[PDB]
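Before any comments, here is the structure.
None of the figures in this text is laboratory data; all of them are computed from the coordinates on show. Cβ atoms come from the backbone with ideal geometry, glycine included; neighbour counts cover every protein chain shown.
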Amino acid sequence: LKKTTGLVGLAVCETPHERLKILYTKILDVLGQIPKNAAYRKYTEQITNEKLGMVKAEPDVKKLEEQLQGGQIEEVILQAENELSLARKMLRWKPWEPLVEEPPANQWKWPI
Amino acid sequence: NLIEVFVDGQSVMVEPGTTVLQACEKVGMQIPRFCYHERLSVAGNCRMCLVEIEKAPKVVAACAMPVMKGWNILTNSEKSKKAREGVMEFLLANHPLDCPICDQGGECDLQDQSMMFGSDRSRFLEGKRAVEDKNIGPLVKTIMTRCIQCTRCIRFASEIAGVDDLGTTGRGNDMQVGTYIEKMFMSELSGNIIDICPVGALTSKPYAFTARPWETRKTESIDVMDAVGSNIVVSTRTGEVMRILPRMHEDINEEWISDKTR
Amino acid sequence: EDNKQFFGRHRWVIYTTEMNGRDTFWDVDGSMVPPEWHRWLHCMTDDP
Amino acid sequence: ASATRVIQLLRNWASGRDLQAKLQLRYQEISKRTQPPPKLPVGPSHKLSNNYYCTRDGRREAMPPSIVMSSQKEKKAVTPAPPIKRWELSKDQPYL
Amino acid sequence: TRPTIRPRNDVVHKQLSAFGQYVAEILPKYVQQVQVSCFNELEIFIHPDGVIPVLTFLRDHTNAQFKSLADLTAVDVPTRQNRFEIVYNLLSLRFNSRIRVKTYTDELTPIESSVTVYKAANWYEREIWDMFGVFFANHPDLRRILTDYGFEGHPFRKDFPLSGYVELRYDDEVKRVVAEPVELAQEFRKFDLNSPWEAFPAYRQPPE
Amino acid sequence: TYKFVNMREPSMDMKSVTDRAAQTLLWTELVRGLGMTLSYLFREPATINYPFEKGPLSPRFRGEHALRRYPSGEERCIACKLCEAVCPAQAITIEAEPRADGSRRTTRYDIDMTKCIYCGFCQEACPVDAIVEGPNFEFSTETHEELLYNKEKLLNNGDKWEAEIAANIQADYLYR
Amino acid sequence: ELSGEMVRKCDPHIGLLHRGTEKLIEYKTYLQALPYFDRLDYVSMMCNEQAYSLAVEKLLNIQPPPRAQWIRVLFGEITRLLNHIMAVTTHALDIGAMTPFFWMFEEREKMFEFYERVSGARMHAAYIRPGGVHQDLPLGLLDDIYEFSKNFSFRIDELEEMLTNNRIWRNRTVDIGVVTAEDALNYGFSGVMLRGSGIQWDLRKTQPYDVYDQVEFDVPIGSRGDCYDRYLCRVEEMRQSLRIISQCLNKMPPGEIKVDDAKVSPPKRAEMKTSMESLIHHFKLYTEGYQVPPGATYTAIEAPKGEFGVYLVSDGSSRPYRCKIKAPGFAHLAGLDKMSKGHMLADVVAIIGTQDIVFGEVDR
Amino acid sequence: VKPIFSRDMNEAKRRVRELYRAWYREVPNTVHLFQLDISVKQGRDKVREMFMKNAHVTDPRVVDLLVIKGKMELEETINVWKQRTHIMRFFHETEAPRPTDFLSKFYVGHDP
Amino acid sequence: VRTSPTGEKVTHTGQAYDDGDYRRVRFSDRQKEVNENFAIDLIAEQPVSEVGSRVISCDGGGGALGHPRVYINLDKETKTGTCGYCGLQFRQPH
Amino acid sequence: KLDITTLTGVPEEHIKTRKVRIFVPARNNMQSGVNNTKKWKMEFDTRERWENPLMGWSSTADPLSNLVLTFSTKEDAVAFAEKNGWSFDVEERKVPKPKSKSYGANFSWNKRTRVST
Ligand code: SF4
Ligand code: SF4
Ligand code: SF4
Ligand code: FES
């Protein structure tokens, strides 16, 4: 058990595997409500499933950190919480819908 | 009977007899030039208009080559750029290092075309030529050492002014433009040779040394000396009129102004 | 010149008491240094 | 410096270091103000042949940005780049 | 070989292009165009309504962890109807990459504030409002920074003259520093430096 | 790649605890700082005796602008206005007319030392080495107007400082 | 807003030094625009010059010659030493130390002498330019830099002796201005401000710009995110800058100091005086300047006070269309209010010192 | 068209009324705090003139934006962010009167 | 350096304040800074070099320390060739 | 009917009393290049410039003396002027009319186009 994460404001999580499993499961549950053809759903499900499989497979925190390549595992759980929040807001925003409006005729022309 | 030609792969329809340079203008590409003035006749002596046509071994002068159907004009091919660099080097081999003191400095086609289509260094390791200056009048200050024998002045004097007093004397690198005798070039449109000259070989004597192009503020106006109504650009610096330059209006004055207006 | 002193004090000038019709016994200024000696004084050159 | 031995000993003991070895003031160790004339080398482009500017024209080789997607007309998830590798503690002095 | 010319890194180009397509697929509602510059910089073009959604997406790890707002600024191009081009620069420390998000606005159309997502855009949006005329809706405190307390015009706007319209001096009559119309002793000399010949044929706009 | 400042754990042995208690009670670290200050007291001061002693400068120093002449005495500047163009603060105002001899010379050359930023441009731009920032730096004035130099003032400065300026250019002309 | 000596609310008003730099840049050519960046951060002029040079080079698709790059990294580290000296010493002065100010400012005078020898200006030089460096190092300078660096370690050690372990100095800074790593990231902090909190990010390693990939140095990382940890980081960064300076002194390459392209870097004086092409290019470069291909870029460097960025957009002309300067002090001063909560006036002074804020950068 | 704060001209007028109220009641406090030598009536008359300057506006968004600017200026005046110089800048005391009849303009200078 | 009727020292540019001009007040208790050395006189004093080649080159002396090298044509016997920068005069012998 | 005049902060005199000229700049007749004639330009009316008593430098009181703007099309410039409430004059673009060039004509057997030299 590491004394400190090394980054101020981030505390060592006593039960990292369980926290990660719970967060990834909640992320998958939220993604389920997103329509099936939404690219966000597909990509997030892919990543979340890969992360969850790695978490379940590896019982050692250091080996799991090496495999995930997400930094220290506390950073991983913070990232998972961020993903959960993003998904929850994505459900409201519905970005998978078509473009709201085409830009004006020459709104992105440079040089003028 | 518009025919189809391609400039860098872009189809452009041009009337028969159109020069390659004109098709490049049609697609927007401005072929570098030193001897071609649309008002004047074609001469083909600058050689800066050498461009490569696809599947053609020899580059051609855009100003003097009528287009052929199906030709693809490669305006930025390696052959075209190399020809431009070589022509620019030959032009600058003997040209004097007069840019700081040349009145043309800052508005010189030679300078800009060297910066854009020429090499950035000189391989000329020999002495440069020098030419005795000719006196052609009280208006045109002449430094012939800077001349590039573009022949614009000669053709202009012959065709527009109608005074056949300017010509080329000698052959080879010793060829010199100017009256063989001490005659003075007198005409209403005499001052326009100053404008037509790409280099500062022919410059305005009253305007000499007074100001540099970037300083001047340009105001578009109309002349009042005659009832022709020639469009002019009044060049003013620090609230003082420095010179009067012609402004193009195809209906009224093509690109010329009278000596009195100028 | 005293090369033993550390750099910045190895060279110094004692201004004249009278220059260009001005009594400079007490009032001295850096501009009093002539240009030839200026470069030696300011270490621009090592040759006096 | 010109300090007496007694003052050198006192200052060194007060510092805990040998100040005489490293003196902040500069002495004859400084480079001479007058230097032999220099001869700066030429660059790669100073050649008399095979030096056409077209080959070495950097500016003209720039191009307008390539448009990956334009609104006006499974796949593996991707990242902007491979994840950063964790830094390694310095061998010379891991802890200051 | 070719010492003068800058070396090109195609791997980063491909990675940025692929990630740009990723972002385009994930949020087609807001993205209008994504482009990768040949100096390996990725720009995503977004409808003004998408500033908060797309930025929030970029911050949170959908394989993207841009958690630092490099800088926020605007570019005023008068020709376009939406004369202001709001520019966001983001940096992802996890992936050691940076991408740019760009949106447009008018003088009269507000754009949602990004203080919620990043919290570093407070002063940046305040500066945009003070210099450019862009108003950010829902900003915690929108007021002027870098301009005088009574400044009226919006500088950096390509319409504001460099010297401005007012000048300050001390007046002994009123014992106060007083503004006055600008009256330069030496008018700033406008130099017309652009050459009449085209420099870069690659960027030649169509003749139209 | 990275080093940890701090991140050190004090020893809990009785000797180390006694040492730290001694430091707190007996003010050891304060005494060390005091000793450092004492040593600096006994070290030689670095002050130079200005104005009698002057600070070192290199030949490339950028100071008061000075118009130079040819050895013949003719003024070098040839009214190219290149300096006015590069001037990043527009402190150079140049007016020229053909002089009686017919040469291209400057009727007006004003350098507003109140707007100039002493960038070193012009000195590196002038094709004839005319304007060359001189070694002089102590040219403060009691009025603003004295700092608005004129062509006469610039030429007088060049005549005054030419002996040093030529030597400095000779020293540095190979590096340029 | 102070209740007793406690700051309830800290509201920074800036613009007292706003000089419209970005507006003025639009009216100047790039070479004319270079001197502003020296002024932007008066303590770290050459670093800003290098950032602008990288921006213009990247837009130009031109690569500086290797010797120019090594000179740039050497003087960048010299500039970092100067800036850190000023930051640490003035922070100490503001909290009352006062003596290290003079001690280290003597070394600052010597580094200014190095600046003067290369460029002729003690500060705000135009040495680092797009396309490389203006002039090669005068003969004998590198060994003088060696003489300075071999003794600078004793000076910085003496500064540590005065401050690092002092009870008063620790009490003034041990826990003031604490910033959470996530809060630091969100508020846009950069440089020590991030590294003090413990996040490991240095643009010199993560995204090396010139030759920092070829040098070895250790990024100092803090553990408690306080003023004292930032002080420790700044001091260590100075030590690592000395190490980088040694490396750069040993392996300086021979050759050109500016790009061998006369359409971007001006030709040599002899060449412009003897060859027509060189004179033409000199004339156009010092009158019109070099046209930059149209485009936009944000180029960032690890400036001594943090991340310094220039958002430069070009319209294809010889004058930039828009130039936005990212000053690392801007975000730090923005977060000053968050840092100051629950602290006293003197702690506010200390926090202002720890965020190395130069208001030329902040106001632009 | 997206409304800034008001969907109609009437709502913008209501906001203008509020802003006017606030300025009106603030004026005496401004006179007292800044030690201005003007009377309260004089300041309020200047306020009225400034408000009538923008009266010709016939677009709700422009009115809303002007109201925002007015609110910012009022916040500056309520605090001591603006100095006495800034407050008196409304009263163009130093500037000499500029005559508006044609004959005076013709005499004075070339200005149209 | 001639003296104007007002007593002012006329400049090499020819600048002198007229008696009507009020700007002469600026020198009331101060001095008008005039450079005594006049370029035109000094350039006139220089002897005309005689060179036996039709075209000659003037660098202004000092090589890189002078002015850009230009080539002057000396064919005309009537008038001596004059350097654009240096102003020195050359002519062919006889 | 967009009006930003109140929001710009420009003083009323320059809003009302200034005539702005919308045009494509004519080619500098000294040069044959045409690249500087491809974008519309907005320029304000010229005003008084006088000599400074001290140095003779040209002094101005017109803030917009040096203000020039580039617009891709005439309509964009017109819209900008209208939104800013500046009286505008539009000069139609002048294009070189197509010319018929024949190098053969220089050696006409019977026509007058024959060139003496
Ligand atoms: S005419 Fe010749 S000397 Fe004059 S500016 Fe042009 S290239 Fe230079
Ligand atoms: S004098 Fe001028 S116009 Fe006549 S041929 Fe020579 S360069 Fe051409
Ligand atoms: S040093 Fe001063 S006078 Fe010379 S170019 Fe720079 S700003 Fe202008
Ligand atoms: S001008 Fe075109 S070939 Fe010479």
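Quick notes on this one:
- Pairs where the first residue, in segment J:45-61, is over 17 Å from F:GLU146 (Cβ atoms) and more than 8 Å from chain B (Cβ to nearest Cβ) and the second is assigned to a loop (DSSP other than H, G, I, E, B) and of a type in the set (D, E, K, R), C-beta under 6 Å, 6+ apart: J:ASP45/J:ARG18; J:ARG47/J:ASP62; J:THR60/E:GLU187; J:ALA61/E:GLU183
- Flag if C:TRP40 is in a helix (DSSP H, G or I) and under 28 Å from D:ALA1 (Cβ atoms): yes
- Residues located in segment G:167-181, provided they are on the phi < 0 side of the Ramachandran plot and in contact with a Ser or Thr (Cβ under 9 Å, 6 or more places away or on another chain): G:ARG167, G:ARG170, G:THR173, G:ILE176, G:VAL178, G:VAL179, G:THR180, G:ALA181
- Members of segment J:19-42 found to be more than 10 Å from chain E (Cβ to nearest Cβ), surrounded by fewer than 20 Cβ atoms within 10 Å (Cβ to Cβ) and not aliphatic (A, V, I, L, M), listed by number: J:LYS19, J:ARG21, J:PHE23, J:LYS41
- Looking only at segment E:29-55, and only at residues there that are part of a loop (DSSP other than H, G, I, E, B) and in contact with a helix residue (DSSP H, G or I) (Cβ under 8 Å, 6 or more places away or on another chain), the one that is farthest from the other protein chains (Cβ to nearest Cβ): E:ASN40
- Considering segment E:6-27, and only residues there that are surrounded by fewer than 20 Cβ atoms within 10 Å (Cβ to Cβ) and outside any helix (DSSP H, G or I), the residue that is nearest to the other protein chains (Cβ to nearest Cβ) turns out to be E:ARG6.
Here's the yes/no breakdown for (1) within 16 Å of ligand 3 (Cβ to nearest atom); (2) outside any loop (DSSP other than H, G, I, E, B); (3) surrounded by 21 or more Cβ atoms within 10 Å (Cβ to Cβ):
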position: B:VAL51; (1), (2), (3): no, yes, yes
position: B:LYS58; (1), (2), (3): no, no, no
position: B:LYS69; (1), (2), (3): no, no, no
position: B:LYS82; (1), (2), (3): no, yes, no
position: B:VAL87; (1), (2), (3): no, yes, no
position: B:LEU91; (1), (2), (3): no, yes, yes
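- The set of residues from segment B:183-195 being more than 19 Å from B:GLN104 (Cα to Cα) and either among the β-branched types (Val, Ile, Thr) or away from ligand 2 (no atom under 12 Å from the Cβ) (or both) comprises B:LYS183, B:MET184, B:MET186, B:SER187, B:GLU188, B:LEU189.
- Note on segment F:124-152: among residues that are more than 9 Å from every other protein chain (Cβ to nearest Cβ) and buried (at least 20 other Cβ atoms within 10 Å of the Cβ), the one that is nearest to ligand 3 (Cβ to nearest atom) is F:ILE131.
- Any hit, segment G:187-194, residues being facing another protein chain (nearest Cβ under 8 Å) and part of a helix (DSSP H, G or I): no
- Which listed residue is in a loop (DSSP other than H, G, I, E, B), of a type in the set (A, V, I, L, M) and on the phi < 0 side of the Ramachandran plot, from J:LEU7, J:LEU54: J:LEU54
- Within segment F:126-166, the set of residues being closer than 16 Å to F:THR107 by Cα and not in a loop (DSSP other than H, G, I, E, B) comprises F:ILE131, F:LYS151, F:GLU152, F:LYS153, F:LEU154, F:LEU155, F:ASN156.
- Considering only residues in segment F:58-109 that are within 16 Å of ligand 1 (Cβ to nearest atom) and among the hydrophobic types (A, V, I, L, M, F, W, C), the one that is surrounded by the fewest Cβ atoms within 10 Å (Cβ to Cβ) turns out to be F:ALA96.
- Restricting segment C:23-40 to residues that are among the charged types (D, E, K, R) and in contact with a helix residue (DSSP H, G or I) (Cβ under 9 Å, 6 or more places away or on another chain) leaves a set whose member that is nearest to D:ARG26 (Cα to Cα) is C:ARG39.
- Residue match in segment B:100-119 (condition: within 15 Å of ligand 2 (Cβ to nearest atom), out of contact with any strand residue (DSSP E or B) (no Cβ under 7 Å at 6 or more places or on another chain), among the hydrophobic types (A, V, I, L, M, F, W, C) and part of a loop (DSSP other than H, G, I, E, B)): yes
- All positions within segment I:54-70 that are facing another protein chain (nearest Cβ under 8 Å), of a type in the set (A, V, I, L, M, F, W, C) and buried (at least 21 other Cβ atoms within 10 Å of the Cβ): I:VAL70
- From the list G:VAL235, G:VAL219, the lone residue that is over 29 Å from E:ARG98 (Cα atoms) and within 17 Å of the chain's Cα centre (by Cα) is G:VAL235.
- Search result, residues across segment G:233-279 that are more than 24 Å from F:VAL128 (Cα to Cα), among the polar types (S, T, N, Q) and touching a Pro at 6+ places or on another chain (Cβ under 8 Å): G:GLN240
- Taking the conditions (1) more than 14 Å from chain G (Cβ to nearest Cβ); (2) over 30 Å from E:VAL75 (Cβ atoms) in turn, A:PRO95 satisfies each one other than (2).
- Look at (1) farther than 21 Å from D:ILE84 by Cβ; (2) within 13 Å of another protein chain (Cβ to nearest Cβ); (3) among the polar types (S, T, N, Q) and you find that A:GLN67 fails only one, number (1).
- In segment E:175-189, the residue that is nearest to the chain's Cα centre (by Cα) out of those that are farther than 16 Å from F:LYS115 by Cβ and among the basic types (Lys, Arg) is E:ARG176.
For every residue, the table says whether it meets (1) more than 9 Å from every other protein chain (Cβ to nearest Cβ); (2) among the hydrophobic types (A, V, I, L, M, F, W, C); (3) over 22 Å from the mean Cα position of the chain (by Cα).
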position	(1), (2), (3)
G:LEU2	yes, yes, yes
G:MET6	yes, yes, yes
G:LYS9	yes, no, yes
G:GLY15	no, no, no
G:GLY20	no, no, no
G:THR29	no, no, yes
G:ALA33	no, yes, no
G:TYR36	no, no, no
G:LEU40	yes, yes, no
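- Filtered residues of segment B:130-182 (kept if more than 12 Å from ligand 2 (Cβ to nearest atom), away from every other protein chain (no Cβ under 12 Å), part of a loop (DSSP other than H, G, I, E, B) and on the phi > 0 side of the Ramachandran plot): B:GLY137, B:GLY170
- Which listed residue is more than 30 Å from B:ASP165 (Cβ to Cβ) and more than 13 Å from ligand 4 (Cβ to nearest atom), from B:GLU126, B:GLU132, B:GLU107: B:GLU126
- Those residues of segment H:23-59 which are among the aliphatic types (A, V, I, L, M), assigned to a helix (DSSP H, G or I) and either on the phi > 0 side of the Ramachandran plot or within 14 Å of chain J (Cβ to nearest Cβ) (or both), in sequence order: H:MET50, H:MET52
- Tallying residues that are assigned to a helix (DSSP H, G or I), out of contact with any strand residue (DSSP E or B) (no Cβ under 8 Å at 6 or more places or on another chain) and within 7 Å of chain E (Cβ to nearest Cβ) within segment H:76-87 yields 2.
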